[PDB]
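Encoded as structure tokens, the following chain is the form deposited in one PDB entry, with no partner shown.
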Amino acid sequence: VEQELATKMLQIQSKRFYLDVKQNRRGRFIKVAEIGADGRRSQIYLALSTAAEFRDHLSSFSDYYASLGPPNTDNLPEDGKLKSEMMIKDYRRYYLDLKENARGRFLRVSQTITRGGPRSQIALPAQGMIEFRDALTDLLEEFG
């Protein structure tokens, strides 16, 4: 029992993103879906307060990204976060990591509760963060 309240769709590189504001008996939330070029779906759910936090943080990630030069690569593998933030809502944790690999820079958004439990993540090309931010802002202006 989830009533749809508003939607936005974005095409970013080979991916499509849907931002949907919905409501159930406990309240309102925003669902963020990533659809890969092959059709693979990944989704995260956000309280509206968390969504606004997310929207706020995207600007600093974009500022940081815009200032970067070329990666540089030694001869060992690397994870490395270029930049990290974490958000919390109740028992849910959201990790925002700006990362680089051979496929470019991207924002990893990961949702977790416990080590042995359900996990969800989306991966947003760094070039799409401004567009994504402004889409989130449009929905936030209409809700909560």
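Shifts are known only where both forms have a C-alpha. Position 1 is the first residue in the sequence shown; the rest follow in order. Between two forms, the rigid core is defined as the largest C-alpha subset superposing within 1.5 Å.
Of the two stretches examined, 42-50 and 109-117, the record assigns the greater average C-alpha temperature factor to 109-117.
Just going by the entry, 66-74 versus 29-37 on mean CA temperature factor gives the higher value to 66-74.
In this entry, the residue among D56, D90, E100, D97 with the greatest C-alpha B factor is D90. Residue-level temperature factors show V1 in the highest third of its chain, judged at the C-alpha atom. Among the modelled residues of its chain, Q13 has a C-alpha B-factor that falls in the lowest third according to the deposited record.
The form deposited in another entry is left out here; the points below concern that form.
Superposition on the rigid core between the shown form and the other one places the CA atom of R103 less than 2 Å from its counterpart. After superposing the rigid core, the Cα of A66 is displaced by less than 2 Å between the shown form and the other one. Once both forms are overlaid on the rigid core, the distance between the two CA positions of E78 between the shown form and the other one is 2 angstroms or more. The pair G116 and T50 is at least 3 angstroms closer at the CA level in that other deposited form than in the present model.
Compared with the form shown here, the C-alpha atoms of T73 and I122 sit at least 3 Å farther apart in that other deposited form. In sequence order, 37-40, 69-78, 114-117 are the runs of at least 3 residues present in both forms whose Cα atoms shift by 2 Å or more between the shown form and the other one once the core is superposed.
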